[PDB]
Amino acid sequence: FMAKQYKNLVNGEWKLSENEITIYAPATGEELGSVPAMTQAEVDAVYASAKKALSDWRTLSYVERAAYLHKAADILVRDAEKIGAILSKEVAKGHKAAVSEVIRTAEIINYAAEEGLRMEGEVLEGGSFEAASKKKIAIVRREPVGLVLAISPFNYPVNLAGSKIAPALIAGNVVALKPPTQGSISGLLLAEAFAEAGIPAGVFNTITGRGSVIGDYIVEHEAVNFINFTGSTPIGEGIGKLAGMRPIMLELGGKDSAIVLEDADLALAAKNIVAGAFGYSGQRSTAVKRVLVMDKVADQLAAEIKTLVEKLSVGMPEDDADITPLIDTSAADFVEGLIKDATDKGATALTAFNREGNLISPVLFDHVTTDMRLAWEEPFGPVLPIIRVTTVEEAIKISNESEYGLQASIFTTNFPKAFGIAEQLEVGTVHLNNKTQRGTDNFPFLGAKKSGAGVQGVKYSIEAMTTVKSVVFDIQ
(Lines of atoms letter the chains of each structure in order from A and count residues from 1; the text may use other names and numbers.)
(Lines give C-alpha, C1' and ligand atoms only; values in the text may rest on other atoms or scores of the structure.)
Protein backbone atom coordinates (compact mmCIF):
# COMPACT_ATOMS: atom_id res chain seq x y z
CA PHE A 1 0.00 0.00 0.00
CA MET A 2 1.30 3.46 -1.03
CA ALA A 3 -0.31 6.63 0.44
CA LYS A 4 -1.54 9.06 -2.30
CA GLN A 5 -1.89 12.89 -2.41
CA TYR A 6 -5.55 13.56 -3.34
CA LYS A 7 -6.95 16.64 -5.09
CA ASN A 8 -10.26 18.52 -4.99
CA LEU A 9 -12.54 18.67 -8.02
CA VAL A 10 -12.91 22.40 -8.78
CA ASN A 11 -14.51 23.55 -12.03
CA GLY A 12 -13.58 20.40 -13.99
CA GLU A 13 -9.95 20.42 -12.76
CA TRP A 14 -8.13 18.59 -9.93
CA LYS A 15 -6.45 21.05 -7.55
CA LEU A 16 -3.99 20.88 -4.70
CA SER A 17 -3.77 23.49 -1.93
CA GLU A 18 -0.55 24.85 -0.29
CA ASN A 19 -1.37 22.90 2.89
CA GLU A 20 -2.83 19.43 3.27
CA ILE A 21 -4.32 17.11 5.92
CA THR A 22 -2.78 13.62 6.30
CA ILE A 23 -5.38 10.89 7.00
CA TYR A 24 -4.57 7.79 9.02
CA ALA A 25 -6.49 4.55 9.41
CA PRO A 26 -8.24 4.59 12.86
CA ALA A 27 -7.69 0.81 13.32
CA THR A 28 -3.91 0.73 12.62
CA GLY A 29 -2.52 4.28 12.42
CA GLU A 30 -1.38 3.55 8.80
CA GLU A 31 -0.93 6.67 6.65
CA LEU A 32 -3.61 6.50 3.90
CA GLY A 33 -3.00 9.73 2.06
CA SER A 34 -3.50 13.45 2.20
CA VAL A 35 -6.32 15.75 1.15
CA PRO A 36 -6.02 19.55 0.48
CA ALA A 37 -6.42 22.03 3.34
CA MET A 38 -8.41 24.63 1.35
CA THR A 39 -8.28 28.33 2.16
CA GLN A 40 -11.39 30.60 2.20
CA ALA A 41 -10.16 32.06 -1.16
CA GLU A 42 -10.18 28.52 -2.65
CA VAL A 43 -13.76 27.93 -1.34
CA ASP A 44 -14.70 31.20 -3.15
CA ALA A 45 -13.27 29.73 -6.39
CA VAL A 46 -15.38 26.57 -5.87
CA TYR A 47 -18.62 28.52 -5.32
CA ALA A 48 -17.97 31.00 -8.18
CA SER A 49 -17.49 28.02 -10.57
CA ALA A 50 -20.67 26.33 -9.31
CA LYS A 51 -22.84 29.47 -9.74
CA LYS A 52 -21.41 30.02 -13.27
CA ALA A 53 -22.31 26.37 -14.17
CA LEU A 54 -25.90 26.53 -12.84
CA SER A 55 -27.54 28.24 -15.86
CA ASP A 56 -26.40 25.65 -18.47
CA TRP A 57 -27.06 22.70 -16.08
CA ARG A 58 -30.63 23.60 -15.03
CA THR A 59 -31.59 24.20 -18.72
CA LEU A 60 -30.57 20.64 -19.78
CA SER A 61 -33.40 18.13 -20.12
CA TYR A 62 -34.03 15.75 -17.19
CA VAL A 63 -32.95 12.79 -19.37
CA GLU A 64 -29.56 14.47 -20.06
CA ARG A 65 -28.94 15.09 -16.33
CA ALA A 66 -30.05 11.51 -15.52
CA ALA A 67 -27.55 10.14 -18.10
CA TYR A 68 -24.61 11.66 -16.16
CA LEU A 69 -25.89 10.17 -12.87
CA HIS A 70 -26.32 6.64 -14.34
CA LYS A 71 -22.75 6.87 -15.80
CA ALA A 72 -21.34 7.90 -12.39
CA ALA A 73 -23.21 5.02 -10.66
CA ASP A 74 -21.86 2.50 -13.25
CA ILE A 75 -18.30 3.75 -12.58
CA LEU A 76 -18.84 3.34 -8.79
CA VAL A 77 -20.05 -0.28 -9.34
CA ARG A 78 -16.95 -0.86 -11.55
CA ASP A 79 -14.60 0.55 -8.82
CA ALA A 80 -16.50 -0.64 -5.70
CA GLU A 81 -13.63 -2.86 -4.51
CA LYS A 82 -10.96 -0.18 -5.10
CA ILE A 83 -13.05 2.48 -3.26
CA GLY A 84 -14.43 0.15 -0.57
CA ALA A 85 -10.90 -0.99 0.32
CA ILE A 86 -9.85 2.64 1.07
CA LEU A 87 -13.20 3.53 2.76
CA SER A 88 -12.70 0.48 5.02
CA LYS A 89 -9.29 1.74 6.24
CA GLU A 90 -10.36 5.41 6.43
CA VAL A 91 -13.28 4.97 8.85
CA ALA A 92 -12.46 1.46 10.30
CA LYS A 93 -15.54 -0.03 8.69
CA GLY A 94 -15.49 -3.77 7.86
CA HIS A 95 -14.14 -4.40 4.34
CA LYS A 96 -17.34 -6.11 3.09
CA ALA A 97 -19.55 -3.42 4.69
CA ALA A 98 -17.44 -0.68 3.02
CA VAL A 99 -17.75 -2.28 -0.43
CA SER A 100 -21.52 -2.70 0.21
CA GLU A 101 -21.69 1.04 1.13
CA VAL A 102 -20.26 1.90 -2.34
CA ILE A 103 -22.80 -0.41 -4.09
CA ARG A 104 -25.67 1.08 -2.04
CA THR A 105 -24.48 4.56 -3.11
CA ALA A 106 -24.61 3.52 -6.83
CA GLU A 107 -28.18 2.18 -6.20
CA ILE A 108 -29.29 5.49 -4.60
CA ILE A 109 -27.69 7.52 -7.44
CA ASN A 110 -29.49 5.36 -10.05
CA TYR A 111 -32.80 5.52 -8.14
CA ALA A 112 -32.60 9.33 -7.68
CA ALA A 113 -31.85 9.77 -11.42
CA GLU A 114 -35.06 7.89 -12.38
CA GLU A 115 -37.20 9.39 -9.57
CA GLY A 116 -36.16 12.94 -10.45
CA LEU A 117 -36.71 12.69 -14.20
CA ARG A 118 -40.43 11.85 -13.83
CA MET A 119 -41.28 14.65 -11.29
CA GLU A 120 -44.45 16.40 -12.41
CA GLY A 121 -46.03 19.76 -12.04
CA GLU A 122 -49.65 20.62 -11.41
CA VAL A 123 -52.48 22.66 -12.93
CA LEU A 124 -54.77 24.40 -10.43
CA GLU A 125 -58.16 25.89 -11.18
CA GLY A 126 -59.17 29.38 -10.06
CA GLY A 127 -62.78 28.09 -10.13
CA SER A 128 -61.96 25.70 -7.26
CA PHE A 129 -61.77 28.84 -5.01
CA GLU A 130 -64.00 31.48 -6.65
CA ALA A 131 -66.52 31.55 -9.48
CA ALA A 132 -65.21 34.83 -11.02
CA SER A 133 -61.69 33.30 -11.48
CA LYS A 134 -62.94 30.11 -13.25
CA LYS A 135 -60.98 30.90 -16.47
CA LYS A 136 -57.73 31.46 -14.47
CA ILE A 137 -55.32 28.51 -14.19
CA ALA A 138 -51.92 28.13 -12.57
CA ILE A 139 -49.26 26.04 -14.34
CA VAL A 140 -46.89 24.95 -11.53
CA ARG A 141 -43.56 23.35 -12.41
CA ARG A 142 -40.56 22.32 -10.32
CA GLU A 143 -37.26 24.20 -10.38
CA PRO A 144 -33.92 23.69 -8.55
CA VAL A 145 -33.01 25.83 -5.50
CA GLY A 146 -29.48 26.62 -6.86
CA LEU A 147 -26.18 25.66 -5.17
CA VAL A 148 -26.53 22.86 -2.60
CA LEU A 149 -23.70 22.41 -0.03
CA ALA A 150 -23.74 18.69 0.88
CA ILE A 151 -21.83 17.73 4.04
CA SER A 152 -21.33 14.00 4.55
CA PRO A 153 -20.57 12.22 7.89
CA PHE A 154 -17.59 9.99 8.81
CA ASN A 155 -19.85 6.93 9.33
CA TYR A 156 -21.28 6.88 5.74
CA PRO A 157 -18.91 9.19 3.84
CA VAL A 158 -19.87 7.85 0.41
CA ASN A 159 -23.50 6.70 0.93
CA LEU A 160 -24.54 9.93 2.72
CA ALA A 161 -22.63 12.00 0.14
CA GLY A 162 -24.52 10.28 -2.77
CA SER A 163 -27.88 10.46 -0.91
CA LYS A 164 -27.44 14.29 -1.13
CA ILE A 165 -25.60 14.75 -4.42
CA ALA A 166 -27.78 12.70 -6.84
CA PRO A 167 -31.23 14.05 -5.68
CA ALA A 168 -29.78 17.61 -5.86
CA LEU A 169 -28.19 17.13 -9.34
CA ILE A 170 -31.23 15.47 -11.01
CA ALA A 171 -33.40 18.47 -10.06
CA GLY A 172 -30.96 20.85 -11.80
CA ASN A 173 -29.09 22.08 -8.70
CA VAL A 174 -25.28 22.47 -8.63
CA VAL A 175 -23.41 20.88 -5.72
CA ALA A 176 -20.31 21.34 -3.55
CA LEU A 177 -19.51 18.25 -1.38
CA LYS A 178 -17.67 18.85 1.89
CA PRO A 179 -16.81 15.40 3.28
CA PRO A 180 -15.67 15.03 6.91
CA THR A 181 -11.85 15.20 7.29
CA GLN A 182 -11.96 11.52 8.44
CA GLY A 183 -13.69 10.38 5.25
CA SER A 184 -12.36 13.02 2.80
CA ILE A 185 -10.38 10.44 0.76
CA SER A 186 -13.54 8.35 0.24
CA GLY A 187 -15.46 11.52 -0.65
CA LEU A 188 -12.84 12.49 -3.26
CA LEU A 189 -12.92 8.93 -4.67
CA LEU A 190 -16.70 9.39 -5.15
CA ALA A 191 -15.88 12.72 -6.87
CA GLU A 192 -13.58 10.90 -9.36
CA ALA A 193 -16.54 8.74 -10.52
CA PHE A 194 -18.64 11.88 -11.25
CA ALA A 195 -15.70 13.53 -13.05
CA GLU A 196 -15.02 10.41 -15.20
CA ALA A 197 -18.79 10.32 -16.06
CA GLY A 198 -18.19 13.74 -17.68
CA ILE A 199 -20.23 15.84 -15.16
CA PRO A 200 -19.90 19.43 -16.59
CA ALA A 201 -17.20 21.67 -15.03
CA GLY A 202 -18.51 23.37 -11.87
CA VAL A 203 -21.72 21.29 -11.67
CA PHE A 204 -20.16 19.07 -9.01
CA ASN A 205 -17.18 20.21 -6.91
CA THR A 206 -15.49 19.15 -3.66
CA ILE A 207 -14.14 21.13 -0.69
CA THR A 208 -11.72 19.71 1.90
CA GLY A 209 -10.17 21.58 4.79
CA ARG A 210 -9.83 22.27 8.49
CA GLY A 211 -12.85 23.45 10.48
CA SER A 212 -10.78 26.24 12.06
CA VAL A 213 -10.05 27.74 8.57
CA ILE A 214 -13.27 27.09 6.57
CA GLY A 215 -15.85 25.39 8.87
CA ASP A 216 -18.28 28.31 9.27
CA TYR A 217 -17.11 30.02 6.05
CA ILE A 218 -18.48 27.27 3.69
CA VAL A 219 -21.97 27.53 5.35
CA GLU A 220 -22.23 31.34 5.85
CA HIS A 221 -21.22 32.02 2.19
CA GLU A 222 -24.02 33.85 0.35
CA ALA A 223 -23.45 31.73 -2.83
CA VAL A 224 -24.93 28.69 -0.95
CA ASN A 225 -28.73 28.37 -1.43
CA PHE A 226 -29.28 25.11 0.55
CA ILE A 227 -27.29 23.17 3.21
CA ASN A 228 -27.82 19.39 3.45
CA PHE A 229 -25.87 17.99 6.45
CA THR A 230 -25.44 14.72 8.38
CA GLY A 231 -23.35 14.75 11.55
CA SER A 232 -23.42 15.51 15.28
CA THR A 233 -26.33 17.31 16.98
CA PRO A 234 -24.11 20.18 18.33
CA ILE A 235 -22.62 20.83 14.81
CA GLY A 236 -26.13 20.56 13.33
CA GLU A 237 -27.45 23.14 15.79
CA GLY A 238 -24.62 25.50 14.72
CA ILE A 239 -25.56 25.17 11.02
CA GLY A 240 -29.17 26.11 11.80
CA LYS A 241 -28.04 29.45 13.30
CA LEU A 242 -25.68 30.11 10.22
CA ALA A 243 -28.17 29.20 7.44
CA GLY A 244 -30.37 32.20 8.29
CA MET A 245 -33.48 32.06 6.09
CA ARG A 246 -31.92 29.49 3.65
CA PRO A 247 -33.50 26.01 3.64
CA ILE A 248 -31.58 23.22 5.36
CA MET A 249 -31.78 19.52 6.00
CA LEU A 250 -30.16 18.09 9.13
CA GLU A 251 -29.69 14.41 9.96
CA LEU A 252 -28.48 14.37 13.54
CA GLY A 253 -28.35 12.02 16.55
CA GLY A 254 -30.68 9.31 17.75
CA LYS A 255 -31.42 7.29 20.90
CA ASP A 256 -33.83 4.86 19.24
CA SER A 257 -35.90 2.83 21.66
CA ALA A 258 -36.90 -0.82 21.18
CA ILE A 259 -40.13 -1.41 23.13
CA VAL A 260 -40.59 -5.12 23.93
CA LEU A 261 -44.10 -6.17 25.08
CA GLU A 262 -45.05 -9.34 27.05
CA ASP A 263 -46.38 -11.09 23.90
CA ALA A 264 -43.20 -10.56 21.77
CA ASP A 265 -41.24 -13.41 20.13
CA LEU A 266 -38.21 -12.80 22.42
CA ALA A 267 -35.65 -14.73 20.34
CA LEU A 268 -36.55 -12.72 17.20
CA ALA A 269 -36.66 -9.43 19.20
CA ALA A 270 -33.14 -10.23 20.55
CA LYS A 271 -31.82 -10.97 17.01
CA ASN A 272 -33.12 -7.68 15.58
CA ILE A 273 -32.06 -5.68 18.65
CA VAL A 274 -28.43 -6.96 18.51
CA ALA A 275 -28.16 -6.49 14.69
CA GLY A 276 -29.45 -2.91 15.07
CA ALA A 277 -27.59 -1.90 18.23
CA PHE A 278 -24.12 -3.17 17.29
CA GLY A 279 -23.84 -2.60 13.52
CA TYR A 280 -20.66 -0.57 12.78
CA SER A 281 -19.96 -0.75 16.57
CA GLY A 282 -23.08 1.35 17.29
CA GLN A 283 -21.67 4.33 15.31
CA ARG A 284 -25.02 4.95 13.56
CA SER A 285 -27.71 7.55 14.33
CA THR A 286 -30.37 4.93 13.41
CA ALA A 287 -29.56 2.12 15.76
CA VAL A 288 -31.39 0.51 18.69
CA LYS A 289 -29.83 2.45 21.60
CA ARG A 290 -32.12 1.46 24.51
CA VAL A 291 -34.35 -1.53 25.19
CA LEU A 292 -37.56 -0.60 27.09
CA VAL A 293 -38.90 -4.04 28.15
CA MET A 294 -41.97 -5.13 30.20
CA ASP A 295 -40.81 -6.56 33.58
CA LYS A 296 -42.38 -10.01 33.09
CA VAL A 297 -40.29 -10.84 29.94
CA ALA A 298 -37.14 -8.81 30.80
CA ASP A 299 -35.04 -11.66 32.30
CA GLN A 300 -35.64 -14.00 29.30
CA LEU A 301 -35.12 -11.16 26.76
CA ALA A 302 -31.85 -10.12 28.49
CA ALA A 303 -30.60 -13.75 28.41
CA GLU A 304 -31.43 -13.97 24.65
CA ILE A 305 -29.63 -10.65 23.91
CA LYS A 306 -26.58 -11.66 26.06
CA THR A 307 -26.19 -14.97 24.15
CA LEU A 308 -25.95 -13.08 20.84
CA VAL A 309 -23.72 -10.19 22.08
CA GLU A 310 -21.18 -12.78 23.33
CA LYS A 311 -20.93 -14.22 19.75
CA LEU A 312 -20.21 -10.89 17.97
CA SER A 313 -16.72 -10.78 16.45
CA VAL A 314 -14.44 -8.01 17.75
CA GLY A 315 -11.44 -7.00 15.69
CA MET A 316 -10.08 -5.45 12.53
CA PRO A 317 -11.83 -3.94 9.50
CA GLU A 318 -9.85 -6.26 7.12
CA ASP A 319 -11.31 -9.25 9.05
CA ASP A 320 -14.97 -8.08 8.63
CA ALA A 321 -15.44 -8.04 12.42
CA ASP A 322 -18.89 -7.05 13.67
CA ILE A 323 -17.23 -4.67 16.20
CA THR A 324 -14.35 -2.60 14.75
CA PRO A 325 -12.22 0.18 16.43
CA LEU A 326 -14.09 3.45 17.05
CA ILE A 327 -13.38 6.47 14.87
CA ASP A 328 -10.95 8.18 17.32
CA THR A 329 -9.66 8.26 20.93
CA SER A 330 -12.15 10.94 22.06
CA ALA A 331 -15.07 8.80 20.85
CA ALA A 332 -13.83 5.73 22.78
CA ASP A 333 -13.11 7.89 25.89
CA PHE A 334 -16.73 9.15 25.77
CA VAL A 335 -18.13 5.61 25.46
CA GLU A 336 -15.90 4.39 28.32
CA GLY A 337 -17.26 7.24 30.51
CA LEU A 338 -20.89 6.18 29.90
CA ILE A 339 -19.94 2.57 30.70
CA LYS A 340 -18.26 3.64 33.98
CA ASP A 341 -21.25 5.79 35.04
CA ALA A 342 -23.70 2.87 34.52
CA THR A 343 -21.36 0.49 36.42
CA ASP A 344 -20.87 2.91 39.37
CA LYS A 345 -24.66 3.50 39.61
CA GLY A 346 -25.37 -0.28 39.92
CA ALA A 347 -26.28 -1.47 36.41
CA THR A 348 -25.54 -5.19 35.70
CA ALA A 349 -22.85 -5.71 33.03
CA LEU A 350 -24.10 -8.86 31.23
CA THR A 351 -21.02 -8.76 28.89
CA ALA A 352 -17.54 -7.57 29.90
CA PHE A 353 -16.02 -4.22 29.07
CA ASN A 354 -12.58 -4.31 27.38
CA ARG A 355 -10.81 -1.52 25.49
CA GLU A 356 -7.87 -2.45 23.19
CA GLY A 357 -6.68 0.96 21.94
CA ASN A 358 -10.04 2.37 20.67
CA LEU A 359 -11.54 -1.14 20.12
CA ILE A 360 -14.23 -1.44 22.79
CA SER A 361 -15.80 -4.87 23.28
CA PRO A 362 -19.66 -4.90 23.13
CA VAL A 363 -21.19 -4.10 26.52
CA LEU A 364 -24.73 -5.06 27.43
CA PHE A 365 -26.20 -3.61 30.64
CA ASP A 366 -29.34 -4.70 32.47
CA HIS A 367 -31.17 -2.79 35.26
CA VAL A 368 -30.32 0.58 33.69
CA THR A 369 -32.19 3.45 35.39
CA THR A 370 -33.11 7.01 34.28
CA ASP A 371 -30.37 8.52 36.61
CA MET A 372 -27.68 6.87 34.43
CA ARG A 373 -26.18 8.84 31.54
CA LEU A 374 -26.43 5.74 29.32
CA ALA A 375 -30.27 5.87 29.54
CA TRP A 376 -30.15 9.16 27.48
CA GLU A 377 -26.82 10.06 25.87
CA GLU A 378 -26.06 8.86 22.33
CA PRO A 379 -22.80 6.80 22.81
CA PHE A 380 -21.71 6.16 19.17
CA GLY A 381 -20.17 3.00 20.57
CA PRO A 382 -20.94 -0.64 21.31
CA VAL A 383 -22.93 -0.31 24.55
CA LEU A 384 -26.64 -1.12 24.96
CA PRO A 385 -28.77 -0.47 28.07
CA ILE A 386 -31.88 -2.49 29.01
CA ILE A 387 -34.41 -0.46 30.99
CA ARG A 388 -37.26 -2.41 32.65
CA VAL A 389 -40.76 -0.88 32.64
CA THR A 390 -44.05 -1.85 34.35
CA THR A 391 -46.56 -0.51 31.78
CA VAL A 392 -46.74 0.30 28.04
CA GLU A 393 -47.58 3.90 29.16
CA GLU A 394 -44.27 3.99 31.06
CA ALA A 395 -42.30 2.82 27.98
CA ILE A 396 -43.96 5.58 25.85
CA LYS A 397 -43.21 8.19 28.54
CA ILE A 398 -39.50 7.18 28.87
CA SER A 399 -39.12 6.88 25.07
CA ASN A 400 -40.56 10.44 24.53
CA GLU A 401 -38.59 12.00 27.43
CA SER A 402 -35.50 11.72 25.15
CA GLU A 403 -34.41 14.90 23.30
CA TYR A 404 -33.97 12.54 20.27
CA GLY A 405 -36.77 11.27 18.06
CA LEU A 406 -35.29 9.46 15.06
CA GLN A 407 -36.91 6.00 15.03
CA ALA A 408 -38.35 3.36 17.37
CA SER A 409 -38.94 -0.40 17.22
CA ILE A 410 -41.95 -2.18 18.81
CA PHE A 411 -41.80 -5.99 19.33
CA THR A 412 -45.25 -7.50 19.90
CA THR A 413 -47.78 -9.84 18.19
CA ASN A 414 -50.64 -7.26 18.52
CA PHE A 415 -50.13 -4.95 15.54
CA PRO A 416 -53.34 -2.82 16.09
CA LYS A 417 -51.90 -2.05 19.59
CA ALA A 418 -48.40 -1.45 18.09
CA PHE A 419 -49.94 1.11 15.65
CA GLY A 420 -51.66 2.83 18.60
CA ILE A 421 -48.30 3.02 20.40
CA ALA A 422 -46.55 4.24 17.21
CA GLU A 423 -49.00 7.18 16.99
CA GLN A 424 -47.90 8.32 20.49
CA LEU A 425 -44.13 7.99 19.84
CA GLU A 426 -42.33 11.24 19.02
CA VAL A 427 -40.20 9.79 16.22
CA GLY A 428 -40.03 9.84 12.39
CA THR A 429 -40.38 6.08 11.79
CA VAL A 430 -41.51 3.08 13.83
CA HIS A 431 -40.43 -0.43 12.71
CA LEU A 432 -42.69 -3.29 13.86
CA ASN A 433 -40.92 -6.54 14.86
CA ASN A 434 -37.64 -5.42 13.36
CA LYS A 435 -34.63 -3.20 14.04
CA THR A 436 -34.68 0.54 13.24
CA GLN A 437 -33.09 1.39 9.88
CA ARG A 438 -32.89 4.15 7.31
CA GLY A 439 -33.79 1.69 4.49
CA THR A 440 -35.19 0.98 2.07
CA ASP A 441 -33.84 4.25 0.57
CA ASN A 442 -37.18 5.08 -1.16
CA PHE A 443 -38.92 5.24 2.30
CA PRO A 444 -39.01 8.57 4.21
CA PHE A 445 -36.16 9.16 6.68
CA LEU A 446 -36.71 11.90 9.25
CA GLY A 447 -36.33 12.73 12.89
CA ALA A 448 -38.41 14.69 15.38
CA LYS A 449 -37.00 16.97 18.14
CA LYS A 450 -33.10 17.19 18.06
CA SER A 451 -32.74 14.31 15.55
CA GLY A 452 -32.99 16.68 12.57
CA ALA A 453 -34.94 18.82 10.14
CA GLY A 454 -36.42 17.83 6.77
CA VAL A 455 -37.44 14.52 5.19
CA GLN A 456 -34.92 12.37 3.32
CA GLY A 457 -35.46 9.13 1.43
CA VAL A 458 -35.01 9.60 -2.33
CA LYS A 459 -38.27 11.28 -3.57
CA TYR A 460 -38.49 13.36 -0.35
CA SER A 461 -34.88 14.59 -0.81
CA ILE A 462 -35.63 15.73 -4.38
CA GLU A 463 -38.79 17.54 -3.19
CA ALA A 464 -36.76 19.29 -0.42
CA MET A 465 -34.09 20.50 -2.90
CA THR A 466 -36.58 21.93 -5.40
CA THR A 467 -38.94 24.86 -5.37
CA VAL A 468 -41.86 25.70 -7.73
CA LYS A 469 -42.45 28.38 -10.36
CA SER A 470 -46.11 29.18 -11.06
CA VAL A 471 -47.27 30.76 -14.38
CA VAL A 472 -50.85 32.06 -14.16
CA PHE A 473 -53.03 33.15 -17.05
CA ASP A 474 -56.67 33.59 -18.10
CA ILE A 475 -58.23 31.31 -20.76
CA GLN A 476 -60.27 33.33 -23.33
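Sequential numbering from 1, following the sequence displayed.
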Which of 109-117 and 210-218 has higher mean CA B factor, as the PDB entry lists it: 210-218
Comparing 391-399 with 86-94, which has the greater mean CA B-factor as deposited? 391-399
Looking only at 72, 177, 139, 287, the Cα with the top B-factor belongs to 287
Just to confirm, going by the entry's C-alpha B-factors, which of 49, 39, 429, 55 comes out highest? 55
Looking at the C-alpha B-factor of residue 444, is it in the lowest, middle or highest third of its chain? lowest
Taking the C-alpha B-factors as the PDB entry records them, is residue 278 in the lowest, middle or highest third of its chain? middle
CA B-factor placement of residue 355, once the chain's modelled residues are sorted into thirds: middle
Binned into thirds over the chain's modelled residues, the C-alpha B-factor of residue 16 lands in the highest
How does the C-alpha B factor of residue 204 compare with the rest of the chain: lowest, middle or highest third? lowest
